[PDB]
Amino acid sequence: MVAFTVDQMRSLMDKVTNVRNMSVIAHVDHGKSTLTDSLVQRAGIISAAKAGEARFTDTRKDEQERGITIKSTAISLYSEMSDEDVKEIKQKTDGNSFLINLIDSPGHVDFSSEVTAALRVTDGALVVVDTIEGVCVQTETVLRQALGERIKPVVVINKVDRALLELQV
Amino acid sequence: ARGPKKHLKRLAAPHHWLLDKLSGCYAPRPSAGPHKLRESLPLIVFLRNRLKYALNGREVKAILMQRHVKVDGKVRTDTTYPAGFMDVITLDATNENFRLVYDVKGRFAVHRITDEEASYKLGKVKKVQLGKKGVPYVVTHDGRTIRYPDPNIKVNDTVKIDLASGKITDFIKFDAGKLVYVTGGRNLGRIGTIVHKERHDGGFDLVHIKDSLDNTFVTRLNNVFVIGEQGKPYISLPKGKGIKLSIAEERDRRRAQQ
Amino acid sequence: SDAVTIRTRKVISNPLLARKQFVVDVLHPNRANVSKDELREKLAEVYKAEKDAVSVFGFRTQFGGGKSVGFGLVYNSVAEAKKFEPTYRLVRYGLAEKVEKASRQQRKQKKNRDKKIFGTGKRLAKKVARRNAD
Amino acid sequence: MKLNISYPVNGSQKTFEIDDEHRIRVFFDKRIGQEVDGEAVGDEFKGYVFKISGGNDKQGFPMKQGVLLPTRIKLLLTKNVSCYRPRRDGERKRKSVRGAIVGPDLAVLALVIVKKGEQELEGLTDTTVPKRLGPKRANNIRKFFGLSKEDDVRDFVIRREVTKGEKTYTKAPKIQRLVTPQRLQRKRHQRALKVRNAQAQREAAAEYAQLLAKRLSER
RNA sequence: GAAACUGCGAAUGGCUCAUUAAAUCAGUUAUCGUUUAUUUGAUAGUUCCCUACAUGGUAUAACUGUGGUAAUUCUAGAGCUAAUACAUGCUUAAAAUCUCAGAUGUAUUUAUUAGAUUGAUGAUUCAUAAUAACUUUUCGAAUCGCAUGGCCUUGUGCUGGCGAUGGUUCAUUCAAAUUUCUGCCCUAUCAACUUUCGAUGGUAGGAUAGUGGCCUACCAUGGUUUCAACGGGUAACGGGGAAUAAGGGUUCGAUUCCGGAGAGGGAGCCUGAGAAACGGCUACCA
Ligand SMILES: Nc1nc2c(ncn2[C@@H]2O[C@H](COP(=O)(O)OP(=O)(O)OP(=O)(O)O)[C@@H](O)[C@H]2O)c(=O)[nH]1
Ligand SMILES: [Mg+2]
Ligand SMILES: [Mg+2]
Ligand SMILES: [Mg+2]
Ligand SMILES: [Mg+2]
Ligand SMILES: [Mg+2]
Ligand SMILES: [Mg+2]
Ligand SMILES: [Mg+2]
Ligand SMILES: [Mg+2]
Ligand SMILES: [Mg+2]
Ligand SMILES: [Mg+2]
Ligand SMILES: [Mg+2]
């Protein structure tokens with residue numbers, strides 16, 4: 001619970017240049033809610049022991065039992081960083097800490113309306129791409145919607161462990 | 001129920017305070033003190049509703065906390081202090097003294113008194129009893145206990161307390177023909193003279209009272225209060241002298257101002 | 001000028017509050033709702049004291065017009081005026097103005113969050129920051 | 001495993017995360033108020049005798065110094081006990097406390113040095129924490145300074161220089177039980193009141209008995 | 001002036017009407033059968049078997065510092081630190097009488113005496129006093145603000161104000177608890193009920209603050225009842241009151257005031273003057 005409870009977190013939220021309202025988008029089975037799990041573990045909200053399987057953003061009973069995502073659950077996180085690299089930011093900056101407002105979109109094609117809502121409501125997009133499956137149809141669709149909504153993507157290539165332990169490349 | 005109550009709901013207050021029905025939900029609960037709950041007058045009511053000095057409770061509290069009000073010779077800064085029958089309220093600003101006595105209808109009328117007579121205050125002998133170590137004492141109606149009293153003082157007598165030393169200067173003995181003042185009941189506020197005292201052992205002692213206009217009414221011994229000798233009151237009587245005129249005569253007196 | 005006749009009835013002088021209480025009976029033909037400020041000024045002039053120990057309030061305008069009746073206060077001095085006037089009347093008049101405090105609900109939740117923390121904030125904030133930062 | 005090691009003489013404390021449970025097992029089956037040999041805890045602890053006083057297990061439960069169990073139990077705690085601060089006068093609450101016998105379930109053990117041996121250790125003896133608050137009451141500060149009664153302790157008292165606003169105004173403790181002319185006046189006033197009441201009441205008794213004799217003379 | 005300790009309050013208020021049919025409640029009595037914080041007034045020269053010009057840490061909070069836990073108004077260890085917190089502990093002679101030099105204030109408990117025909121009551125073993133004693137020791141300010149004065153061997157002097165708070169007891173006041181008399185809707189398709197496990201009473205004790213089968217031991221065989229006991233039903237909290245109202249009535253009254261009960265259901269209990277408290281705790285059931 002790094003997580004300045006609500007009050008100091010909102011105090012930083014007042015500084016509206018070191019806040020990021022971003023949404024994570026990917027293909028159906030590209031592993032986005034697990035990456036958000038690993039990101040929210042550092043907020044002290046879920047144990048590390050249970051990060052990759054406690055899909056904290058997947059909140060519905062179905063979302064947890066079937067290992068899928070349907071709705072978009074917003075999670076808001078506190079982030080401390082170093083003085084050195086905040087100088088290496090091409091953005092207005094006041095302070096050395098940040099507030100991230102993350103949206104965990106569904107990957108399935110049947111739930112792209114939640115991705116559209118998240119894009120309309122956010123401004124940065126984290127595009128998760130499995131290294132094995134590469135660029136699939138749903139990642140194409142979500143990146144197309146983000147570019148239609150004028151949202152800058154940043155790409156993370158996932159499942160390198162799978163590529164290393166299964167493909168032996 | 002589970003403890004002493006600390007609020008006094010309006011419409012449960014004593015009637016003679018003449019409180020407005022629709023000002024609030026509550027009436028000033030008399031704090032614990034000398035006289036009683038029912039037959040006392042809080043300084044809040046006496047200062048705001050009887051004298052119209054204060055506009056509200058904050059101003060009554062300010063009056064009391066600037067040591068202006070002084071009851072029975074002491075400041076009595078409590079906002080709901082139970083000032084009762086014949087209590088002397090001395091106000092230094094607007095230097096004037098009140099004796100809190102029943103009017104003819106039974107309410108505390110606003111009755112100015114002089115300083116030389118306001119030096120003292122009068123008390124009904126509630127009991128006479130020999131205390132510890134063999135020291136006799138007298139308890140008066142106003143909760144005052146006085147040591148070493150005259151051995152001839154019995155129950156239902158009356159004593160004048162100096163109010164500076166709190167000691168007996170002179171006293172009236174309860175006998176037929178003594179000026180007595182009615183301190184309860186339907187006849188509350190009436191002044192007369194004892195003619196007869198029916199005993200009724202075990203029950204309630206009765207007394208028959210014949211007022212100055214020869215009207216005779218009987219009241220229980222508990223609420224009859226001697227104030228001296230006929231035509232010679234040892235206290236300053238109110239403007240009405242406790243006559244209890246019939247409504248027709250009262251209406252005629254009102255109509256005489258025309 | 002308009003015959004704005006400010007009658008003052010029922011004058012009770014209570015030096016207990018160092019003050020004079022009365023009823024003001026402003027007769028104002030052909031004009032409505034006489035201004036509280038000009039009531040204050042005229043009463044100060046009539047009672048030979050500054051317009052800081054005179055107060056007027058509670059004005060009901062007579063049905064039909066031409067008359068308004070309220071209550072008036074006259075302190076002997078501005079100091080006791082400031083001590084005895086309620087703060088709302090003082091702020092209306094122009095004396096020490098209103099305190100900018102938060103909403104009652106906020107205040108209540110604020111003290112409710114204080115009700116949890118036992119000592120001063122520093123002894124627990126050190127531990128909280130240390131722990132969260134590892 | 002963590003250990004809060006404290007060195008009370010001259011004041012100090014700090015924590016050691018110990019691991020390699022082989023070099024933890026000596027701290028097992030040990031009661032509270034028991035001494036341990038530092039050698040088994042480590043060769044850098046040669047000559048350290050530690051008195052164990054409490055600790056916290058995993059899941060944060062404080063341990064009770066007299067339960068004598070290696071498992072945590074629910075106990076109804078009272079005003080004058082550990083592990084419970086009553087939130088209302090007379091309140092008693094049932095809380096789970098850890099037993100007095102220390103085992104692997106303990107997250108952190110609390111231990112105080114009661115003997116120093118070999119080469120000193122960093123942050124317990126090189127550092128020294130001064131006492132936060134000097135004596136305030138007259139006779140406590142007298143006993144602290146080894147003075148006698150008639151030594152006028154006002155002349156020198158513990159004085160802290162808070163150089164805050166470029167004045168360096170110094171604050172010293174207020175003195176309690178100080179012999180004061182005001183306290184002596186209060187004592188004299190109380191004695192005078194008692195004697196005056198006694199004399200006045202005796203005079204009243206005499207004159208009332210005189211009145212009784214006078215009124216009984218009429219027979 | 002943070003926090004904290006201390007103190008006080010949180011037992012009021014407010015809500016609701018589930019239980020409850022002689023129960024609550026209304027009017028009327030009693031406490032000569034009890035507890036009472038607070039207020040108001042009065043009241044305590046008696047203690048000591050090398051500190052009183054003022055005692056102990058047997059004390060600690062807050063704060064510093066080391067923390068555990070996911071989390072709670074969670075807390076442990078280490079370092080202090082105070083009091084009207086906790087615990088101790090004298091100075092007041094003088095006046096005075098009994099016992100063989102001591103004791104004689106008050107508080108607790110018992111016994112005896114007085115309490116008259118030297119106080120009160122309608123009435124007492126009452127108030128109260130005295131005597132002989134007994135206390136896992138009660139109180140009899142080791143407390144605080146503001147002013148400083150009078151004397152004088154001019155000292156670190158002796159005396160001395162107004163207040164606050166504390167405190168034993170008594171009275172009073174806010175009260176509380178029991179309590180007398182009479183008065184509740186329908187029902188006999190309820191006529192006998194109660195009493196082994198208290199029912200009615202006697203004695204003794206226990207417990208209570210006090211009375212009392214309230215509980216126990218012994219003992220008696222009682223007590224309520226067609227003037228309706230007991231049982232059953234109430235979509236019954238009681239009353240002040242409300243609607244309609246020639247008179248008489250009929251119906252309603254969960255609900256602005258008073259009284260009672262309860263805080264999902266039962267039970268138990270801490271603290272406190274006051275709670276069987278639930279915006280207190282503990283446990284069982286849901
Ligand atoms: N080998 C490997 N598997 C991964 C990795 N990340 C996720 N997975 C697996 O991929 C599955 C999908 O994970 P999710 O958290 O549901 O994320 P998602 O694929 O975006 O699913 P949706 O949110 O429903 O779209 C999980 O069961 C993981 O086991 C990875 O980095 N390496
Ligand atoms: Mg997911
Ligand atoms: Mg799947
Ligand atoms: Mg009652
Ligand atoms: Mg019902
Ligand atoms: Mg009703
Ligand atoms: Mg109902
Ligand atoms: Mg009610
Ligand atoms: Mg209740
Ligand atoms: Mg409910
Ligand atoms: Mg309860
Ligand atoms: Mg409640």
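The chains referred to below are lettered A, B, ... by the order of the sequence lines, with proteins before strands, and numbering in each begins at 1. Note that these values count all heavy atoms, side chains included, but never hydrogens, waters or copies made by symmetry.
- Distance NZ/B/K124 to CG/B/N223: 8.5 Å, rounded to 0.5 Å.
- Taken as a pair, E/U36 and E/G105 do not qualify under the rule of Watson-Crick (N1-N3 plus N6-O4 or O6-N4) or G-U wobble (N1-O2 and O6-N3), both under 3.5 Å.
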Please tabulate the protein-to-nucleotide N/O contacts below 3.5 Å involving nucleotides 114-124 of chain E, giving atom names and distances.
from, atom 1, to, atom 2, distance (Å)
E/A120, OP1, B/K154, NZ, 2.7

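- Per the geometry, CZ belonging to D/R94 stands 10 Å off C1' belonging to E/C281, to the nearest Å.
- Using bins of under 30°, 30° to 60° and over 60° for the plane-to-plane angle, the ring pair B/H7/B/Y26 lands in the tilted bin.
- OP1 or OP2 of E/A52 has not a single side-chain nitrogen or oxygen of D/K187 nearer than 4.0 Å.
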Check the pair D/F27 / D/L3 against side-chain contact (heavy atoms from CB on, under 4.5 Å), numbers first and verdict last. CA-CA 10 Å; D/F27 266 120; D/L3 273 73; 3.4 Å; yes

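- Base stacking between strand neighbours E/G272 and E/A273 is not detected by the criterion of six-membered ring centres within less than 5.5 Å and interplanar angle below 30°.
- Among the heavy atoms of the strands, none lies under 4.0 Å from B/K167.
- Residues E/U138 and E/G259 show neither Watson-Crick nor G-U wobble pairing with both defining distances under 3.5 Å.
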Nucleotides 58-77 of chain E: protein proximity per nucleotide (B base, S sugar-phosphate only, - neither; heavy atom, under 4.0 Å): ----BSSBBBBBSB-BSBBS

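- Between B/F225 and B/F85, the ring planes are perpendicular. Angles over 60° get that label, and only those under 30° would be called parallel.
- To the nearest 0.5 Å, the span separating CG on B/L37 from NZ on B/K5 amounts to 12.5 Å.
- The CG atom of D/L111 sits 10.0 Å away from the OG atom of D/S53 when rounded to the nearest 0.5 Å.
- Among the heavy atoms of the strands, none lies under 4.0 Å from D/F50.
- As a whole-Å value, the separation of C/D114 CG from E/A2 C1' is 11 Å.
- D/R98 contributes atom CZ, which lies 6.0 Å from atom OG1 of D/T71 (distance to the nearest 0.5 angstrom).
- When rounded to the nearest whole Å, the span between CG of B/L19 and P of E/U256 equals 21 Å.
- Rounded to an integer number of Å, the gap from CG of B/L163 to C1' of E/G41 is 12 Å.
- A pairwise comparison of heavy atoms in D/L69 and D/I73 identifies CD1-CG2, 3.8 Å as the closest pair.
- The aromatic rings of D/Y48 and D/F45 sit tilted relative to each other, their planes meeting at an angle between 30° and 60°.
- Nucleic acid contact for D/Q190: base, since at least one base atom lies under 4.0 Å from a heavy atom of the residue.
- Rounding to the nearest 0.5 angstrom, the gap separating the NZ atom in B/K167 from the OH atom in B/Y148 is 9.5 Å.
- In this structure E/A236 is not paired with E/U156, as neither the Watson-Crick nor the G-U wobble definition is met at both distances under 3.5 Å.
- Atom NZ of B/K132 and atom P of E/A44 are 14 Å apart (whole Å).
- Base engagement by D/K194 is indicated by at least one non-hydrogen atom pair under 4.0 Å involving a base atom.
- Between B/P82 and D/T180, the residue anchored nearer the 5' end of RNA chain E, judged by the nucleotide with its closest heavy atom, is B/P82.
- Judged by the 3.5 Å cutoff on both pairing distances, E/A217 and E/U203 qualify as a Watson-Crick or G-U wobble pair.
- E/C281 atom P lies 13 Å from atom CZ of D/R92, rounded to whole Å.
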Per-nucleotide protein contact string for nucleotides 171-178 of chain E (B base, S sugar-phosphate only, - none; heavy atom under 4.0 Å): SSBSSS--

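- D/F16 comes within 4.0 angstrom of no nucleic acid atom, judged by non-hydrogen atoms across all strands.
- Looking at heavy-atom distances under 4.0 Å, D/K74 makes no contact with the nucleic acid at all.
- Entry note: E/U255 and E/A142 fail the pairing test, Watson-Crick or G-U wobble at under 3.5 angstrom for both distances.
- In this structure, E/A261 forms a base pair with E/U16, meeting the Watson-Crick or G-U wobble definition at 3.5 Å.
- Judged by ring centres closer than 5.5 Å and planes tilted by less than 30°, the bases of E/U109 and E/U110 are stacked on each other.
- In this structure, CG of D/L178 is placed 15 Å from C1' of E/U143, rounded to the nearest angstrom.
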Each nucleotide of nucleotides 146-161 of chain E classed B (base within 4.0 Å of a protein heavy atom), S (only sugar-phosphate) or -, in 5' to 3' order, makes BBB----------BBB

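- Rounding to the nearest 0.5 Å places CD1 of D/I32 at 7.0 Å from CG of D/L109.
- No Watson-Crick or G-U wobble pair links E/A11 with E/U137 with both defining distances under 3.5 Å.
- Residue B/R76 is in sugar-phosphate contact alone, with no base atom involved, counting any heavy-atom pair closer than 4.0 Å across all strands shown.
- By the Watson-Crick or G-U wobble test, with both distances required under 3.5 Å, E/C17 and E/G266 do not count as a base pair.
- No Watson-Crick or G-U wobble pair links E/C15 with E/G249 when both atom distances must be under 3.5 Å.
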Could you go through the side-chain contact (heavy atoms from CB on, under 4.5 Å) check for B/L64 and B/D78 one step at a time? CA-CA 7 Å; B/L64 285 151; B/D78 216 10; over 6 Å; no

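- The six-membered rings of E/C134 and its strand neighbour E/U135 lie with centres under 5.5 Å apart and planes within less than 30°, so the two bases count as stacked.
- Between D/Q201 and B/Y81, it is B/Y81 whose nearest contact on RNA chain E lies nearer the 5' terminus.
- The two residues C/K111 and C/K108 have their closest heavy-atom pair at CG-O, 3.1 Å.
- With hydrogens and angles ignored, no donor-acceptor pair closer than 3.5 Å exists between the side chain of D/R183 and the base of E/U143.
- If you check E/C151 against E/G157, you find a Watson-Crick or G-U wobble pair, both contacts below 3.5 Å.
- Counting atom types as modelled, D/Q199 pairs no side-chain N or O with a base atom of E/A95 as donor and acceptor under 3.5 Å.
- Of the residues listed (B/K127, B/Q129, B/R147, B/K132), the one engaging B/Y137 in a side chain to side chain donor-acceptor pair (under 3.5 Å) is B/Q129, and it is the only one.
- No side-chain heavy atom of D/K95 sits less than 4.5 Å from a side-chain heavy atom of D/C83.
- Here the closest heavy-atom approach between residue D/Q59 and residue D/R72 is recorded as OE1-NH2, 2.8 Å.
- E/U165 is unpaired under the Watson-Crick or G-U wobble criterion, no partner having all donor-acceptor distances under 3.5 Å.
- In this structure, D/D89 atom CG and E/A277 atom P are separated by 18 Å, rounded to whole Å.
- Contacts of B/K61 classified as side-chain hydrogen bond (donor to acceptor under 3.5 Å, both in side chains), with partners at least two apart in sequence or in another chain: none.
- Both conditions, centre separation below 5.5 angstrom and plane angle below 30 degrees, hold for the six-membered rings of E/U211 and E/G212.
- For B/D142, the salt bridge (charged side-chain N to carboxylate O under 4.0 Å, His left out) criterion is met by B/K121, B/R144, not counting sequence neighbours.
- Neighbouring nucleotides E/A94 and E/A95 do not stack on each other, since their six-membered rings fail either the 5.5 Å centre distance or the 30° plane angle limit.
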